[PDB]
């Protein structure tokens, strides 16, 4: 699946925007991370995405930051997920001295999925302007404020792209 052809936006935060990446590029970026974090939302998270979030966590062995009420459905799944409010997380990620969720420090790659675009773009606006933290959005929508992101995708293409990514981890 081509996940880089559509980067349309309704409104813009300005001249700085994320680089659109393919499923294989995202896979390579994620595998190279030394201490990645899977930041999961709830409002755009459906059962199909939930299944893929679990496989990504496992295939790459990435801890999960269950934001919103995502832990509600991740709790009965075999993954390492811990609850944390997204706004708080977005703030903490900008603090070099944050012990992180397991106490072992901050992260070097944030992977976002399951969020409405307006909310994650806002939470991400902090790290974008006040940190050198790298972030990668793998939603069905183009996310301007991530370091890199998938472009806008039909639901089906999204599911396909995530499967291609998983097959590359």
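Residue numbers count along the first chain shown, from 1.
Participant: Given the B-factors recorded for C-alpha atoms, which segment has the greater mean, 80-88 or 95-103?
Facilitator: Higher mean C-alpha B-factor in the PDB entry: 95-103.
Participant: Higher mean Cα B-factor in the deposited model: 59-67 or 119-127?
Facilitator: Here the higher of the two C-alpha B-factor means belongs to 59-67.
Participant: Among the choices 113, 43, 110, 33, identify the one whose CA B-factor in the record is greatest.
Facilitator: That would be 33.
Participant: In terms of the chain's CA B-factor thirds, is residue 29 lowest, middle or highest?
Facilitator: Tercile = highest for this residue's CA B-factor.
Participant: Could you tell me which third, lowest, middle or highest, the C-alpha B-factor of residue 39 occupies within its chain?
Facilitator: Its C-alpha B-factor belongs to the middle third of this chain's values.
Participant: Lowest, middle or highest third: where is residue 144 by Cα B-factor in its chain?
Facilitator: Bottom third by C-alpha B-factor.
Participant: According to the PDB entry, is the CA B factor of residue 50 in the bottom, middle or top third of its chain, that is, lowest, middle or highest?
Facilitator: It falls in the top third of the chain.
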